[PDB]
Amino acid sequence: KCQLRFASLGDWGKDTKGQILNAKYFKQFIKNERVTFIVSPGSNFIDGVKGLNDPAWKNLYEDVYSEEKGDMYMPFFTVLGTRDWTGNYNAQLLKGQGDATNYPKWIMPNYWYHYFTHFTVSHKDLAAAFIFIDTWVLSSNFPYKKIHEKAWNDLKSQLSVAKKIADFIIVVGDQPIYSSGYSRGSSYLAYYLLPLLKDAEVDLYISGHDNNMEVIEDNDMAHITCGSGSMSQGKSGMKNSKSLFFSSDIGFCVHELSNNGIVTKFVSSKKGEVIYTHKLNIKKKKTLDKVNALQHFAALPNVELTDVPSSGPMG
Ligand SMILES: [Co+2]
Ligand SMILES: [Co+2]
């Protein structure tokens, strides 16, 4: 197949009628669109989890997103959002390390990490870099300063490599930089995160946190909010001037990478209808150095699980 297809589902972990209705359409589209993995922006569990054996794992994830015939057995690349950090965050990390299951495979090897992949098009190979960030760790409220700095430095290293070897670069996190939703974005991330993304010619920043769907396009970068996996908060005040689409509908996204670019379909759980299709052209990059890809892979930061003791820093 000459495409790479993935779905995005954010802020999904809450027992609501919306969650269950959304899950039905999610499964339908994943099968019919031939989605091969899922990414999860925003938070996972709206009320957090209490530990590894919290019934919430079964009740809000396993029993919601399972299907027979292995139709949902694929990677579920996730990150934490602010709602996860107020509970047993370490439990989600330990699950994220790790016989097939009926539900997707939970992947979160660290609070921030990357996944580089590739696909063939028509004799030619295109490479996609997925970079996963923890927007709370990157914030000024994170109390461990060394861990905070390491997360920023790893991000810079990941983007530096992606610039040299990736035709597509997609970043996934919790807090949006730009949003017409409740948070109204983050000037902090606009000042510190956005310049790194622009320097690396990132295609998409996919976030959640705000419980809506949106695409804001600025300087050939799409900011996608996909935070309505279980809940909806309404239209809010005045739309961002570069907003192309906004919906408070409970839903999800399906994304297609091809020789021509990225097509994102926003799906509403109201009746499983695609209510917006966003198309981003593939970039013509002068920074690529694919002949020496291995040497650039060798500059990526090690993906190690970080111990973040709940007691906070001492000394
Ligand atoms: Co700082
Ligand atoms: Co907030």
# chains A, B, ... in the order shown; residues from 1 in each chain; ligands from 1

call {"tool": "select_by_dssp", "arguments": {"residues": "region 193-252 of chain A", "states": "strand (DSSP E)", "output": "JSON, numbers by chain"}}
result
{"A": [204, 205, 206, 207, 213, 214, 215, 216, 217, 218, 221, 222, 223, 224, 225, 226, 243, 244, 245, 246, 247, 251, 252]}

call {"tool": "residues_near_ligand", "arguments": {"ligand": "ligand 2", "cutoff": "8 Å", "atoms": "only C-alpha atoms and all ligand atoms", "output": "VMD selection string"}}
result
chain A and resid 82 175 182 to 183 209 to 210

call {"tool": "atom_distance", "arguments": {"atom1": "CA of residue 10 (chain A)", "atom2": "CA of residue 25 (chain A)"}}
result
14.6 Å

call {"tool": "residues_around", "arguments": {"residues": "residue 125 (chain A)", "least_positions_apart": "4", "cutoff": "12 Å", "atoms": "only C-alpha atoms", "output": "number ranges by chain"}}
result
A: 1-4, 117-121, 165-168, 258-259, 290

call {"tool": "write_last_selection", "arguments": {"atoms": "C-alpha atoms", "output": "PDB file, in the first residue's frame"}}
result
ATOM      1  CA  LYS A   1       0.000   0.000   0.000  1.00  0.00           C
ATOM      2  CA  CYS A   2       1.223   3.478  -1.009  1.00  0.00           C
ATOM      3  CA  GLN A   3       0.026   5.342   2.123  1.00  0.00           C
ATOM      4  CA  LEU A   4       0.461   5.495   5.898  1.00  0.00           C
ATOM      5  CA  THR A 117       8.844   4.962  10.304  1.00  0.00           C
ATOM      6  CA  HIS A 118       8.639   4.796   6.509  1.00  0.00           C
ATOM      7  CA  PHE A 119       6.459   3.619   3.627  1.00  0.00           C
ATOM      8  CA  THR A 120       6.832   2.995  -0.120  1.00  0.00           C
ATOM      9  CA  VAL A 121       5.219   5.114  -2.872  1.00  0.00           C
ATOM     10  CA  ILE A 165      15.788  12.303   7.455  1.00  0.00           C
ATOM     11  CA  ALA A 166      11.988  12.785   7.606  1.00  0.00           C
ATOM     12  CA  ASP A 167       9.682  13.825   4.746  1.00  0.00           C
ATOM     13  CA  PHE A 168       6.875  14.225   7.297  1.00  0.00           C
ATOM     14  CA  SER A 258       0.895   9.997   0.845  1.00  0.00           C
ATOM     15  CA  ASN A 259       3.210  11.168  -1.944  1.00  0.00           C
ATOM     16  CA  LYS A 290      18.916  10.700   3.622  1.00  0.00           C
TER      17      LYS A 290
END

call {"tool": "select_by_dssp", "arguments": {"residues": "region 129-312 of chain A", "states": "helix (DSSP H, G or I)", "output": "NGL selection string"}}
result
:A and (145-165 or 187-192 or 194-199 or 290-297)

call {"tool": "atom_distance", "arguments": {"atom1": "CA of residue 226 (chain A)", "atom2": "CA of residue 65 (chain A)"}}
result
17.4 Å

call {"tool": "residues_around", "arguments": {"residues": "region 52-55 of chain A", "least_positions_apart": "6", "cutoff": "9 Å", "atoms": "only C-alpha atoms", "output": "VMD selection string"}}
result
chain A and resid 88 90 to 92 94 to 95

call {"tool": "closest_residue", "arguments": {"among": "A:116, A:132, A:61, A:142", "to": "residue 102 (chain A)", "atoms": "only C-alpha atoms"}}
result
A:61

call {"tool": "residues_near_ligand", "arguments": {"ligand": "ligand 1", "cutoff": "9 Å", "atoms": "only C-alpha atoms and all ligand atoms", "output": "JSON, numbers by chain"}}
result
{"A": [138, 139, 140, 145, 148, 149, 152, 192]}

call {"tool": "atom_distance", "arguments": {"atom1": "CA of residue 71 (chain A)", "atom2": "CA of residue 252 (chain A)"}}
result
17.8 Å

call {"tool": "closest_residue", "arguments": {"among": "A:297, A:224, A:308, A:162", "to": "residue 285 (chain A)", "atoms": "only C-alpha atoms"}}
result
A:162

call {"tool": "closest_atom_pairs", "arguments": {"of": "region 159-196 of chain A", "to": "region 236-243 of chain A", "cutoff": "10 Å", "atoms": "only C-alpha atoms", "output": "CSV"}}
result
residue,atom,partner,partner_atom,distance
A:178,CA,A:240,CA,7.9
A:179,CA,A:240,CA,6.9
A:180,CA,A:239,CA,5.1
A:181,CA,A:236,CA,5.8
A:182,CA,A:236,CA,6.4
A:183,CA,A:236,CA,9.8
A:184,CA,A:240,CA,8.7
A:185,CA,A:240,CA,9.9

call {"tool": "write_last_selection", "arguments": {"atoms": "N, CA, C and O atoms", "output": "PDB file, in the first residue's frame"}}
result
ATOM      1  N   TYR A 178      -1.979  26.896  19.819  1.00  0.00           N
ATOM      2  CA  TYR A 178      -3.064  27.750  19.340  1.00  0.00           C
ATOM      3  C   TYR A 178      -4.375  26.994  19.449  1.00  0.00           C
ATOM      4  O   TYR A 178      -4.458  25.828  19.063  1.00  0.00           O
ATOM      5  N   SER A 179      -5.401  27.658  19.977  1.00  0.00           N
ATOM      6  CA  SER A 179      -6.712  27.031  20.153  1.00  0.00           C
ATOM      7  C   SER A 179      -7.804  28.081  20.332  1.00  0.00           C
ATOM      8  O   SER A 179      -7.632  29.048  21.083  1.00  0.00           O
ATOM      9  N   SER A 180      -8.926  27.864  19.652  1.00  0.00           N
ATOM     10  CA  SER A 180     -10.131  28.667  19.857  1.00  0.00           C
ATOM     11  C   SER A 180     -10.969  28.110  21.016  1.00  0.00           C
ATOM     12  O   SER A 180     -11.988  28.701  21.386  1.00  0.00           O
ATOM     13  N   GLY A 181     -10.533  26.987  21.587  1.00  0.00           N
ATOM     14  CA  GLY A 181     -11.212  26.343  22.711  1.00  0.00           C
ATOM     15  C   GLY A 181     -10.900  26.988  24.051  1.00  0.00           C
ATOM     16  O   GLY A 181     -10.296  28.062  24.109  1.00  0.00           O
ATOM     17  N   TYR A 182     -11.284  26.308  25.129  1.00  0.00           N
ATOM     18  CA  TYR A 182     -11.298  26.905  26.477  1.00  0.00           C
ATOM     19  C   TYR A 182      -9.959  27.488  26.937  1.00  0.00           C
ATOM     20  O   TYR A 182      -9.909  28.608  27.453  1.00  0.00           O
ATOM     21  N   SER A 183      -8.876  26.746  26.738  1.00  0.00           N
ATOM     22  CA  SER A 183      -7.554  27.193  27.185  1.00  0.00           C
ATOM     23  C   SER A 183      -7.058  28.421  26.422  1.00  0.00           C
ATOM     24  O   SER A 183      -6.229  29.162  26.927  1.00  0.00           O
ATOM     25  N   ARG A 184      -7.552  28.606  25.199  1.00  0.00           N
ATOM     26  CA  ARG A 184      -7.087  29.650  24.282  1.00  0.00           C
ATOM     27  C   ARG A 184      -5.621  29.501  23.852  1.00  0.00           C
ATOM     28  O   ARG A 184      -5.008  30.453  23.366  1.00  0.00           O
ATOM     29  N   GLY A 185      -5.075  28.294  23.984  1.00  0.00           N
ATOM     30  CA  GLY A 185      -3.688  28.048  23.615  1.00  0.00           C
ATOM     31  C   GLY A 185      -2.730  28.342  24.746  1.00  0.00           C
ATOM     32  O   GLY A 185      -3.134  28.448  25.905  1.00  0.00           O
TER      33      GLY A 185
END

call {"tool": "closest_residue", "arguments": {"among": "A:246, A:85, A:77, A:26", "to": "residue 211 (chain A)", "atoms": "only C-alpha atoms"}}
result
A:246

call {"tool": "closest_residue", "arguments": {"among": "A:150, A:270, A:198, A:265", "to": "residue 301 (chain A)", "atoms": "only C-alpha atoms"}}
result
A:150

call {"tool": "residues_around", "arguments": {"residues": "residue 187 (chain A)", "least_positions_apart": "3", "cutoff": "7 Å", "atoms": "only C-alpha atoms", "output": "PyMOL selection string"}}
result
chain A and resi 177+190-191

call {"tool": "closest_residue", "arguments": {"among": "A:37, A:113, A:136, A:103", "to": "residue 70 (chain A)", "atoms": "only C-alpha atoms"}}
result
A:103

call {"tool": "closest_residue", "arguments": {"among": "A:260, A:135, A:97, A:157", "to": "residue 114 (chain A)", "atoms": "only C-alpha atoms"}}
result
A:157

call {"tool": "residues_around", "arguments": {"residues": "residue 9 (chain A)", "least_positions_apart": "2", "cutoff": "8 Å", "atoms": "only C-alpha atoms", "output": "number ranges by chain"}}
result
A: 7, 11-12, 38-41, 226-229, 251-253

call {"tool": "write_last_selection", "arguments": {"atoms": "N, CA and C atoms", "output": "PDB file, in the first residue's frame"}}
result
ATOM      1  N   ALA A   7      -4.882   7.086  13.213  1.00  0.00           N
ATOM      2  CA  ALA A   7      -5.982   7.811  13.828  1.00  0.00           C
ATOM      3  C   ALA A   7      -5.494   8.530  15.074  1.00  0.00           C
ATOM      4  N   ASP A  11      -8.184  12.707  25.070  1.00  0.00           N
ATOM      5  CA  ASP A  11      -8.999  12.987  26.262  1.00  0.00           C
ATOM      6  C   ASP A  11     -10.219  12.072  26.347  1.00  0.00           C
ATOM      7  N   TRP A  12      -9.941  10.787  26.170  1.00  0.00           N
ATOM      8  CA  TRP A  12     -10.943   9.768  25.851  1.00  0.00           C
ATOM      9  C   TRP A  12     -11.412   8.977  27.076  1.00  0.00           C
ATOM     10  N   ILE A  38      -2.595   4.112  16.205  1.00  0.00           N
ATOM     11  CA  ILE A  38      -3.333   5.197  16.838  1.00  0.00           C
ATOM     12  C   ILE A  38      -2.343   6.050  17.617  1.00  0.00           C
ATOM     13  N   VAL A  39      -2.542   7.366  17.592  1.00  0.00           N
ATOM     14  CA  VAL A  39      -1.848   8.262  18.499  1.00  0.00           C
ATOM     15  C   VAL A  39      -2.890   8.909  19.399  1.00  0.00           C
ATOM     16  N   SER A  40      -2.493   9.247  20.619  1.00  0.00           N
ATOM     17  CA  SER A  40      -3.423   9.844  21.578  1.00  0.00           C
ATOM     18  C   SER A  40      -2.903  11.148  22.167  1.00  0.00           C
ATOM     19  N   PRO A  41      -3.356  12.295  21.622  1.00  0.00           N
ATOM     20  CA  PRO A  41      -3.025  13.572  22.219  1.00  0.00           C
ATOM     21  C   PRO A  41      -3.866  13.812  23.467  1.00  0.00           C
ATOM     22  N   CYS A 226      -7.637  17.674  18.841  1.00  0.00           N
ATOM     23  CA  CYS A 226      -8.433  16.463  18.796  1.00  0.00           C
ATOM     24  C   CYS A 226      -8.632  16.023  20.240  1.00  0.00           C
ATOM     25  N   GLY A 227      -9.425  16.802  20.976  1.00  0.00           N
ATOM     26  CA  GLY A 227      -9.602  16.602  22.416  1.00  0.00           C
ATOM     27  C   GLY A 227     -10.999  16.182  22.840  1.00  0.00           C
ATOM     28  N   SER A 228     -11.832  15.768  21.886  1.00  0.00           N
ATOM     29  CA  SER A 228     -13.225  15.444  22.196  1.00  0.00           C
ATOM     30  C   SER A 228     -13.525  13.939  22.083  1.00  0.00           C
ATOM     31  N   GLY A 229     -12.594  13.104  22.543  1.00  0.00           N
ATOM     32  CA  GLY A 229     -12.795  11.656  22.528  1.00  0.00           C
ATOM     33  C   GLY A 229     -13.903  11.148  23.449  1.00  0.00           C
ATOM     34  N   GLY A 251     -15.689  13.279  18.887  1.00  0.00           N
ATOM     35  CA  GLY A 251     -15.177  12.668  17.673  1.00  0.00           C
ATOM     36  C   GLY A 251     -13.704  12.323  17.714  1.00  0.00           C
ATOM     37  N   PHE A 252     -13.109  12.226  16.532  1.00  0.00           N
ATOM     38  CA  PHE A 252     -11.717  11.816  16.395  1.00  0.00           C
ATOM     39  C   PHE A 252     -11.223  12.194  15.006  1.00  0.00           C
ATOM     40  N   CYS A 253      -9.936  11.971  14.745  1.00  0.00           N
ATOM     41  CA  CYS A 253      -9.358  12.232  13.428  1.00  0.00           C
ATOM     42  C   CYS A 253      -8.765  10.990  12.796  1.00  0.00           C
TER      43      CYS A 253
END

call {"tool": "residues_around", "arguments": {"residues": "residue 269 (chain A)", "least_positions_apart": "6", "cutoff": "12 Å", "atoms": "only C-alpha atoms", "output": "CSV table (one decimal) with N, CA, C and O atoms, in the first residue's frame"}}
result
chain,number,residue,atom,x,y,z
A,17,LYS,N,-21.8,8.6,27.7
A,17,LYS,CA,-22.5,8.0,26.5
A,17,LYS,C,-21.7,8.4,25.3
A,17,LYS,O,-21.6,7.6,24.4
A,18,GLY,N,-21.1,9.6,25.3
A,18,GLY,CA,-20.3,10.1,24.2
A,18,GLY,C,-19.1,9.2,23.9
A,18,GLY,O,-18.8,8.8,22.8
A,19,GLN,N,-18.4,8.7,25.0
A,19,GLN,CA,-17.2,7.9,24.8
A,19,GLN,C,-17.6,6.6,24.1
A,19,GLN,O,-16.8,6.2,23.2
A,20,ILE,N,-18.7,6.0,24.4
A,20,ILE,CA,-19.1,4.7,23.9
A,20,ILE,C,-19.6,4.8,22.5
A,20,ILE,O,-19.3,4.0,21.6
A,21,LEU,N,-20.4,5.9,22.2
A,21,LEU,CA,-20.8,6.1,20.8
A,21,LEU,C,-19.6,6.4,19.9
A,21,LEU,O,-19.5,5.9,18.8
A,22,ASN,N,-18.7,7.2,20.4
A,22,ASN,CA,-17.5,7.6,19.7
A,22,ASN,C,-16.6,6.3,19.4
A,22,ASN,O,-16.1,6.2,18.3
A,23,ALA,N,-16.5,5.4,20.4
A,23,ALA,CA,-15.8,4.2,20.2
A,23,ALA,C,-16.3,3.3,19.1
A,23,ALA,O,-15.5,2.7,18.4
A,24,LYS,N,-17.6,3.3,18.9
A,24,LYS,CA,-18.3,2.5,17.9
A,24,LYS,C,-17.8,3.0,16.5
A,24,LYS,O,-17.3,2.2,15.6
A,25,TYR,N,-17.8,4.3,16.3
A,25,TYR,CA,-17.4,4.9,15.0
A,25,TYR,C,-15.9,4.8,14.8
A,25,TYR,O,-15.4,4.6,13.7
A,26,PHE,N,-15.1,4.9,15.9
A,26,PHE,CA,-13.7,4.8,15.9
A,26,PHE,C,-13.3,3.4,15.3
A,26,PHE,O,-12.5,3.4,14.4
A,27,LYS,N,-13.9,2.4,15.9
A,27,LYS,CA,-13.6,1.0,15.4
A,27,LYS,C,-14.0,0.8,13.9
A,27,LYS,O,-13.3,0.2,13.1
A,28,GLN,N,-15.2,1.4,13.5
A,28,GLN,CA,-15.7,1.3,12.1
A,28,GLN,C,-14.7,1.9,11.2
A,28,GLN,O,-14.3,1.3,10.1
A,29,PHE,N,-14.2,3.1,11.5
A,29,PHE,CA,-13.3,3.9,10.6
A,29,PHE,C,-11.9,3.2,10.6
A,29,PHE,O,-11.3,3.2,9.5
A,213,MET,N,-12.7,19.8,18.4
A,213,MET,CA,-11.9,19.5,17.3
A,213,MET,C,-11.7,20.9,16.6
A,213,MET,O,-12.5,21.7,16.5
A,228,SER,N,-11.8,15.8,21.9
A,228,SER,CA,-13.2,15.4,22.2
A,228,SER,C,-13.5,13.9,22.1
A,228,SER,O,-14.6,13.5,21.6
A,229,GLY,N,-12.6,13.1,22.5
A,229,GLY,CA,-12.8,11.7,22.5
A,229,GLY,C,-13.9,11.1,23.4
A,229,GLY,O,-14.4,10.1,23.2
A,230,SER,N,-14.2,11.9,24.5
A,230,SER,CA,-15.3,11.5,25.4
A,230,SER,C,-16.2,12.7,25.9
A,230,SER,O,-17.3,12.4,26.4
A,231,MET,N,-15.8,13.9,25.7
A,231,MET,CA,-16.5,15.1,26.2
A,231,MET,C,-16.4,16.2,25.2
A,231,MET,O,-15.5,16.3,24.4
A,232,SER,N,-17.4,17.1,25.3
A,232,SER,CA,-17.5,18.3,24.5
A,232,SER,C,-17.7,19.5,25.3
A,232,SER,O,-18.5,19.5,26.3
A,247,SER,N,-15.2,22.4,15.7
A,247,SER,CA,-16.4,21.7,16.2
A,247,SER,C,-16.3,21.3,17.6
A,247,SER,O,-15.3,20.8,18.0
A,248,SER,N,-17.4,21.4,18.4
A,248,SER,CA,-17.5,20.9,19.7
A,248,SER,C,-17.9,19.5,19.8
A,248,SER,O,-18.0,18.9,20.8
A,249,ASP,N,-18.2,18.9,18.6
A,249,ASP,CA,-18.7,17.5,18.5
A,249,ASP,C,-17.7,16.5,19.1
A,249,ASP,O,-16.5,16.7,19.0
A,250,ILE,N,-18.2,15.5,19.8
A,250,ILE,CA,-17.4,14.4,20.2
A,250,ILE,C,-17.0,13.6,19.0
A,250,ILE,O,-17.8,13.4,18.1
A,251,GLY,N,-15.7,13.3,18.9
A,251,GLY,CA,-15.2,12.7,17.7
A,251,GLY,C,-13.7,12.3,17.7
A,251,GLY,O,-13.1,12.2,18.8
A,252,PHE,N,-13.1,12.2,16.5
A,252,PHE,CA,-11.7,11.8,16.4
A,252,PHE,C,-11.2,12.2,15.0
A,252,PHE,O,-12.0,12.7,14.2
A,253,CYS,N,-9.9,12.0,14.7
A,253,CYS,CA,-9.4,12.2,13.4
A,253,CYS,C,-8.8,11.0,12.8
A,253,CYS,O,-8.3,10.1,13.5
A,275,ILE,N,-16.9,15.6,8.9
A,275,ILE,CA,-17.4,17.0,8.9
A,275,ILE,C,-16.4,18.0,8.4
A,275,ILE,O,-16.7,19.2,8.2
